[PDB]
Amino acid sequence: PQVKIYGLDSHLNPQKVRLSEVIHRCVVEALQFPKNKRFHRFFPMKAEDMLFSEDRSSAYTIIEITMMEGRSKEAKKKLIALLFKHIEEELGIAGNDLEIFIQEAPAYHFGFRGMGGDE
Amino acid sequence: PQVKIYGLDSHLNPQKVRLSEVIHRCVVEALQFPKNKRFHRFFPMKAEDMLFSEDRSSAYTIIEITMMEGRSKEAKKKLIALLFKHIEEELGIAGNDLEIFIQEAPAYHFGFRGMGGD
Amino acid sequence: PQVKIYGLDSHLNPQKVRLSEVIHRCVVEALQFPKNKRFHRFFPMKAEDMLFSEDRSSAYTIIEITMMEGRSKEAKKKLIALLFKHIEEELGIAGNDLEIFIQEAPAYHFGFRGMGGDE
């Protein structure tokens, strides 16, 4: 699981370290993924650059998760639900201000540790 | 849909307010999406960081669109053609200098407004 | 193909001209692409913004490749292998510090040069 997090710089920079902890804790609980392998990329953006609907507040945050094919529908749905529940409880970002997107690809589309993902 | 737009800072920064309006106009027109749900992220790059082929002018722009699976092939194809037509017309960006990429995923791959995309 | 390259600023900025060369060489070799058609976007990142596991070093680099569907698995695996080999030889980025991700979509999901990708 590679995670990219996008948000307005003034709201996201003060929450970065905590948001990262909460995200990884959810990933580990929902997907049983090693505690060690936190791979997060944060993109604090200016207001001119990150545009969203009038409906949302300045706390509007996008979380993009990429991972190898093969986890169950149940496990992904649980990841989403955990992230909404703990990010609101722990960081105060309401459900309306939070967007989550999971992307998959076959194992041989990945490379790491010197070899293909299908090995 | 979620839209990300990449281009050279010096070309993209003066055009971004009107590029965003035009992109959304095409999204509304081809996908019957609500006029209110405009979700755009711009990424003006330094010239050292965006490298393209000599076949492209400094206007070269990349538009990446992510949406839930389910739309027809014909609607997605309409969205592409409309974006080419109207960005040419409204902004002067020729078709050779514009690249568009659509990405889909199942609905349960999305979370928004506190519930999954289902 | 479209290529995005992420890495910590202190490592990526000095190396991105050579890394762009080496990447393009491997793409042309594994996919018989033209020697033109190099499309590369670099994202030199702050270490507060690109977090990775403790066993990785500051040379940790992510290469994201977007391409039209239709290439064989053998060609995509060759591309992965060539990138691990030539980037390690040319820039000294060890296999554990290099991560590669290919993403595909139907040809009609693309536009370039004013036409749809399936035209």
# chains A, B, ... in the order shown; residues from 1 in each chain; ligands from 1
>>> residues_around(residues="region 26-29 of chain B", least_positions_apart="4", cutoff="12 Å", atoms="only C-alpha atoms", output="short mmCIF file (atom, residue, chain, number, x, y, z; two decimals) with N, CA, C and O atoms, in the first residue's frame")
data_model
loop_
_atom_site.label_atom_id
_atom_site.label_comp_id
_atom_site.auth_asym_id
_atom_site.auth_seq_id
_atom_site.Cartn_x
_atom_site.Cartn_y
_atom_site.Cartn_z
N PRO B 1 -16.21 13.08 -10.80
CA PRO B 1 -14.82 12.77 -11.14
C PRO B 1 -13.82 13.67 -10.44
O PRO B 1 -14.13 14.84 -10.12
N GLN B 2 -12.64 13.12 -10.17
CA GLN B 2 -11.50 13.86 -9.64
C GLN B 2 -10.53 14.14 -10.78
O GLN B 2 -10.20 13.23 -11.56
N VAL B 3 -10.10 15.40 -10.90
CA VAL B 3 -9.29 15.85 -12.02
C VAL B 3 -7.97 16.43 -11.50
O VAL B 3 -7.95 17.23 -10.56
N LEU B 19 -9.00 27.27 -17.50
CA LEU B 19 -8.90 25.85 -17.80
C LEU B 19 -9.86 25.05 -16.94
O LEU B 19 -10.58 24.16 -17.42
N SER B 20 -9.93 25.38 -15.65
CA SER B 20 -10.80 24.66 -14.73
C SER B 20 -12.26 24.80 -15.12
O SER B 20 -13.01 23.82 -15.10
N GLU B 21 -12.69 26.02 -15.46
CA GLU B 21 -14.07 26.21 -15.90
C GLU B 21 -14.36 25.39 -17.16
O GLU B 21 -15.39 24.72 -17.26
N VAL B 22 -13.44 25.41 -18.13
CA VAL B 22 -13.67 24.69 -19.38
C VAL B 22 -13.71 23.18 -19.14
O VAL B 22 -14.60 22.48 -19.64
N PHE B 33 -22.87 15.45 -15.12
CA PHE B 33 -22.46 15.63 -13.75
C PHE B 33 -22.98 16.97 -13.21
O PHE B 33 -23.17 17.92 -13.98
N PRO B 34 -23.25 17.05 -11.90
CA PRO B 34 -23.71 18.31 -11.32
C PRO B 34 -22.74 19.46 -11.52
O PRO B 34 -21.52 19.32 -11.35
N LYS B 35 -23.29 20.63 -11.85
CA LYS B 35 -22.49 21.83 -12.01
C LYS B 35 -21.70 22.19 -10.75
O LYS B 35 -20.65 22.83 -10.85
N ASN B 36 -22.17 21.77 -9.57
CA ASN B 36 -21.56 22.11 -8.29
C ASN B 36 -20.34 21.26 -7.94
O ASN B 36 -19.50 21.70 -7.14
N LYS B 37 -20.22 20.04 -8.47
CA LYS B 37 -19.17 19.11 -8.01
C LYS B 37 -17.91 19.20 -8.88
O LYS B 37 -17.54 18.29 -9.62
N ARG B 38 -17.23 20.33 -8.73
CA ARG B 38 -15.98 20.59 -9.43
C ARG B 38 -14.82 20.29 -8.48
O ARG B 38 -14.62 21.01 -7.50
N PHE B 39 -14.07 19.22 -8.77
CA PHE B 39 -12.94 18.78 -7.93
C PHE B 39 -11.67 18.68 -8.78
O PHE B 39 -11.44 17.66 -9.45
N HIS B 40 -10.84 19.74 -8.73
CA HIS B 40 -9.65 19.91 -9.56
C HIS B 40 -8.41 20.19 -8.72
O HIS B 40 -8.44 21.03 -7.82
N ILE B 65 -8.11 11.99 -15.24
CA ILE B 65 -9.46 11.97 -14.69
C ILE B 65 -9.69 10.62 -14.03
O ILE B 65 -9.47 9.57 -14.65
N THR B 66 -10.14 10.65 -12.79
CA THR B 66 -10.49 9.44 -12.04
C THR B 66 -11.98 9.47 -11.74
O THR B 66 -12.50 10.49 -11.28
N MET B 67 -12.68 8.37 -12.00
CA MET B 67 -14.11 8.32 -11.73
C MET B 67 -14.52 6.89 -11.42
O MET B 67 -13.77 5.94 -11.65
N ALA B 75 -19.90 7.73 -23.55
CA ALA B 75 -19.83 8.96 -22.77
C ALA B 75 -18.38 9.35 -22.49
O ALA B 75 -18.00 10.52 -22.64
N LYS B 76 -17.55 8.38 -22.10
CA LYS B 76 -16.13 8.66 -21.88
C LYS B 76 -15.47 9.18 -23.15
O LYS B 76 -14.65 10.10 -23.09
N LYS B 77 -15.79 8.58 -24.31
CA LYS B 77 -15.23 9.06 -25.56
C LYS B 77 -15.72 10.47 -25.88
O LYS B 77 -14.97 11.28 -26.44
N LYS B 78 -16.99 10.77 -25.57
CA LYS B 78 -17.49 12.13 -25.74
C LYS B 78 -16.74 13.11 -24.86
O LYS B 78 -16.43 14.23 -25.29
N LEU B 79 -16.46 12.73 -23.61
CA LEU B 79 -15.76 13.63 -22.71
C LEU B 79 -14.40 14.00 -23.27
O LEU B 79 -14.01 15.17 -23.26
N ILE B 80 -13.68 13.01 -23.81
CA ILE B 80 -12.36 13.27 -24.39
C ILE B 80 -12.46 14.25 -25.55
O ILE B 80 -11.73 15.24 -25.60
N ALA B 81 -13.34 13.96 -26.52
CA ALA B 81 -13.47 14.80 -27.71
C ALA B 81 -13.88 16.23 -27.35
O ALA B 81 -13.36 17.20 -27.92
N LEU B 82 -14.82 16.38 -26.41
CA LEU B 82 -15.23 17.71 -25.97
C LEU B 82 -14.07 18.47 -25.33
O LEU B 82 -13.90 19.68 -25.55
N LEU B 83 -13.26 17.78 -24.50
CA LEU B 83 -12.13 18.46 -23.87
C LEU B 83 -11.14 18.95 -24.91
O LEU B 83 -10.62 20.06 -24.81
N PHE B 84 -10.87 18.12 -25.93
CA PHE B 84 -9.97 18.55 -27.01
C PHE B 84 -10.55 19.76 -27.73
O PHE B 84 -9.87 20.79 -27.89
N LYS B 85 -11.82 19.67 -28.13
CA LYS B 85 -12.44 20.76 -28.89
C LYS B 85 -12.41 22.06 -28.11
O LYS B 85 -11.93 23.08 -28.60
N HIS B 86 -12.91 22.04 -26.87
CA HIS B 86 -13.16 23.30 -26.19
C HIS B 86 -11.90 23.89 -25.56
O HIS B 86 -11.85 25.11 -25.35
N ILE B 87 -10.90 23.07 -25.24
CA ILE B 87 -9.64 23.66 -24.78
C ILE B 87 -8.87 24.26 -25.95
O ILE B 87 -8.24 25.31 -25.81
N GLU B 90 -11.19 27.56 -26.40
CA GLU B 90 -11.24 28.56 -25.35
C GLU B 90 -9.86 29.00 -24.89
O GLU B 90 -9.72 30.12 -24.38
N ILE B 102 -8.20 8.81 -18.55
CA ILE B 102 -9.33 8.47 -17.69
C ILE B 102 -9.04 7.17 -16.93
O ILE B 102 -8.64 6.16 -17.53
#
>>> interface_residues(of="chain B", to="chain A", cutoff="8 Å", atoms="only C-alpha atoms", output="ChimeraX atom specification")
/B:36-43,105,108-116
>>> interface_residues(of="chain A", to="chain C", cutoff="10 Å", atoms="only C-alpha atoms", output="number ranges by chain")
A: 2-5, 13, 16-17, 20, 35-44, 66-68, 103-118
>>> atom_distance(atom1="CA of residue 92 (chain C)", atom2="CA of residue 33 (chain A)")
28.8 Å
>>> select_by_dssp(residues="chain A", states="strand (DSSP E or B)", output="MDAnalysis selection string")
chainID A and resid 2:8 40:45 50:51 61:68 98:105 110:112 115:116
>>> write_last_selection(atoms="N, CA, C and O atoms", output="CSV table (one decimal), in the first residue's frame")
chain,number,residue,atom,x,y,z
A,2,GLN,N,0.8,1.9,-1.1
A,2,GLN,CA,1.2,3.3,-1.3
A,2,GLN,C,0.1,4.3,-1.0
A,2,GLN,O,-1.0,4.1,-1.6
A,3,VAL,N,0.3,5.3,-0.2
A,3,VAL,CA,-0.7,6.3,0.1
A,3,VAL,C,-0.3,7.7,-0.3
A,3,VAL,O,0.9,8.1,0.0
A,4,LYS,N,-1.1,8.4,-1.0
A,4,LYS,CA,-0.9,9.8,-1.3
A,4,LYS,C,-2.0,10.6,-0.6
A,4,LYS,O,-3.2,10.1,-0.6
A,5,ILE,N,-1.7,11.7,0.0
A,5,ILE,CA,-2.7,12.5,0.8
A,5,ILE,C,-2.5,13.9,0.3
A,5,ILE,O,-1.4,14.5,0.2
A,6,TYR,N,-3.7,14.5,-0.1
A,6,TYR,CA,-3.8,15.8,-0.7
A,6,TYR,C,-4.7,16.7,0.2
A,6,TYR,O,-5.7,16.2,0.7
A,7,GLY,N,-4.3,17.9,0.4
A,7,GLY,CA,-5.1,18.9,1.2
A,7,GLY,C,-4.5,20.3,1.1
A,7,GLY,O,-3.4,20.4,0.6
A,8,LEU,N,-5.3,21.2,1.6
A,8,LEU,CA,-4.8,22.6,1.6
A,8,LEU,C,-3.6,22.8,2.6
A,8,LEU,O,-3.8,22.3,3.7
A,40,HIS,N,3.8,6.9,2.9
A,40,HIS,CA,2.9,8.0,2.7
A,40,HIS,C,3.6,9.1,2.0
A,40,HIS,O,4.7,9.5,2.4
A,41,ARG,N,2.9,9.7,1.0
A,41,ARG,CA,3.3,10.9,0.3
A,41,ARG,C,2.3,12.0,0.5
A,41,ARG,O,1.2,11.9,0.0
A,42,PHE,N,2.7,13.1,1.1
A,42,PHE,CA,1.8,14.3,1.4
A,42,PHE,C,2.0,15.4,0.4
A,42,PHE,O,3.1,15.7,0.1
A,43,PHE,N,0.9,16.0,0.0
A,43,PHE,CA,0.9,17.1,-1.0
A,43,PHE,C,0.0,18.2,-0.5
A,43,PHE,O,-1.1,18.4,-0.8
A,44,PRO,N,0.6,19.1,0.4
A,44,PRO,CA,-0.1,20.3,0.9
A,44,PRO,C,-0.1,21.3,-0.3
A,44,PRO,O,0.9,21.7,-0.8
A,45,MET,N,-1.3,21.6,-0.7
A,45,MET,CA,-1.5,22.4,-1.9
A,45,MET,C,-2.0,23.8,-1.5
A,45,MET,O,-2.6,24.0,-0.5
A,50,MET,N,-5.9,23.6,-5.4
A,50,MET,CA,-6.8,22.5,-5.0
A,50,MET,C,-8.2,23.1,-4.9
A,50,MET,O,-8.5,23.7,-3.9
A,51,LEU,N,-9.0,22.8,-5.9
A,51,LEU,CA,-10.4,23.3,-5.9
A,51,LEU,C,-11.4,22.2,-5.7
A,51,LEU,O,-11.3,21.1,-6.2
A,61,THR,N,-9.9,16.8,2.3
A,61,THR,CA,-8.7,16.0,2.3
A,61,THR,C,-9.0,14.7,1.4
A,61,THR,O,-10.0,14.1,1.5
A,62,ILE,N,-8.0,14.4,0.5
A,62,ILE,CA,-8.1,13.3,-0.4
A,62,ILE,C,-7.1,12.3,0.0
A,62,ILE,O,-5.9,12.7,0.2
A,63,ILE,N,-7.4,11.0,0.1
A,63,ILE,CA,-6.5,9.9,0.5
A,63,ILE,C,-6.6,8.9,-0.7
A,63,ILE,O,-7.6,8.2,-0.8
A,64,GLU,N,-5.5,8.7,-1.4
A,64,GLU,CA,-5.4,7.8,-2.5
A,64,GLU,C,-4.5,6.6,-2.1
A,64,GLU,O,-3.4,6.8,-1.7
A,65,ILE,N,-5.1,5.4,-2.1
A,65,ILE,CA,-4.4,4.2,-1.7
A,65,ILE,C,-4.2,3.3,-2.9
A,65,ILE,O,-5.2,3.0,-3.6
A,66,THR,N,-3.0,3.0,-3.2
A,66,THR,CA,-2.7,2.0,-4.3
A,66,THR,C,-2.1,0.7,-3.7
A,66,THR,O,-1.2,0.8,-2.8
A,67,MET,N,-2.5,-0.4,-4.2
A,67,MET,CA,-2.0,-1.7,-3.7
A,67,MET,C,-2.3,-2.8,-4.7
A,67,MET,O,-3.0,-2.7,-5.7
A,68,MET,N,-1.6,-3.9,-4.5
A,68,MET,CA,-1.7,-5.1,-5.3
A,68,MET,C,-3.1,-5.7,-5.2
A,68,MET,O,-3.7,-5.8,-4.1
A,98,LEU,N,-13.8,14.4,3.7
A,98,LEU,CA,-12.8,13.4,3.6
A,98,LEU,C,-13.2,12.5,2.4
A,98,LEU,O,-14.4,12.1,2.3
A,99,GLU,N,-12.3,12.3,1.5
A,99,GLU,CA,-12.5,11.5,0.3
A,99,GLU,C,-11.4,10.4,0.2
A,99,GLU,O,-10.2,10.7,0.4
A,100,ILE,N,-11.8,9.2,-0.1
A,100,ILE,CA,-10.9,8.0,-0.1
A,100,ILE,C,-11.1,7.3,-1.4
A,100,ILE,O,-12.2,7.0,-1.8
A,101,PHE,N,-9.9,6.9,-2.0
A,101,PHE,CA,-9.9,6.2,-3.3
A,101,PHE,C,-8.9,5.1,-3.2
A,101,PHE,O,-7.7,5.4,-2.9
A,102,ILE,N,-9.3,3.9,-3.5
A,102,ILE,CA,-8.4,2.7,-3.6
A,102,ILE,C,-8.2,2.3,-5.0
A,102,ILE,O,-9.2,2.2,-5.8
A,103,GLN,N,-6.9,2.1,-5.4
A,103,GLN,CA,-6.6,1.6,-6.7
A,103,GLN,C,-5.8,0.3,-6.6
A,103,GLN,O,-4.8,0.2,-5.8
A,104,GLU,N,-6.1,-0.6,-7.5
A,104,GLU,CA,-5.4,-1.9,-7.6
A,104,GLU,C,-4.8,-2.2,-8.9
A,104,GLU,O,-5.3,-1.6,-9.9
A,105,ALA,N,-3.9,-3.1,-9.0
A,105,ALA,CA,-3.3,-3.5,-10.3
A,105,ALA,C,-2.7,-4.9,-10.1
A,105,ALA,O,-2.5,-5.3,-8.9
A,110,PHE,N,3.9,-4.3,-10.5
A,110,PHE,CA,4.7,-3.7,-9.4
A,110,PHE,C,6.1,-4.2,-9.4
A,110,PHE,O,6.4,-5.4,-9.8
A,111,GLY,N,7.0,-3.4,-9.0
A,111,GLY,CA,8.4,-3.8,-8.7
A,111,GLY,C,8.9,-3.3,-7.3
A,111,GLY,O,8.7,-2.1,-7.0
A,112,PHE,N,9.5,-4.1,-6.5
A,112,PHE,CA,10.1,-3.6,-5.3
A,112,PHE,C,11.1,-4.7,-4.8
A,112,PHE,O,11.0,-5.9,-5.1
A,115,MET,N,12.7,-7.1,-7.4
A,115,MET,CA,12.0,-8.1,-8.3
A,115,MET,C,10.5,-7.7,-8.5
A,115,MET,O,10.0,-6.7,-7.9
A,116,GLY,N,9.9,-8.4,-9.4
A,116,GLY,CA,8.5,-8.2,-9.7
A,116,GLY,C,7.6,-8.6,-8.5
A,116,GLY,O,7.9,-9.4,-7.6
>>> residues_around(residues="residue 63 (chain B)", least_positions_apart="4", cutoff="7 Å", atoms="only C-alpha atoms", output="ChimeraX atom specification")
/B:3-6,99-101
>>> select_by_dssp(residues="region 27-88 of chain B", states="helix (DSSP H, G or I)", output="number ranges by chain")
B: 27-31, 73-88
>>> atom_distance(atom1="CA of residue 71 (chain A)", atom2="CA of residue 26 (chain A)")
14.9 Å
>>> atom_distance(atom1="CA of residue 11 (chain B)", atom2="CA of residue 58 (chain B)")
7.1 Å
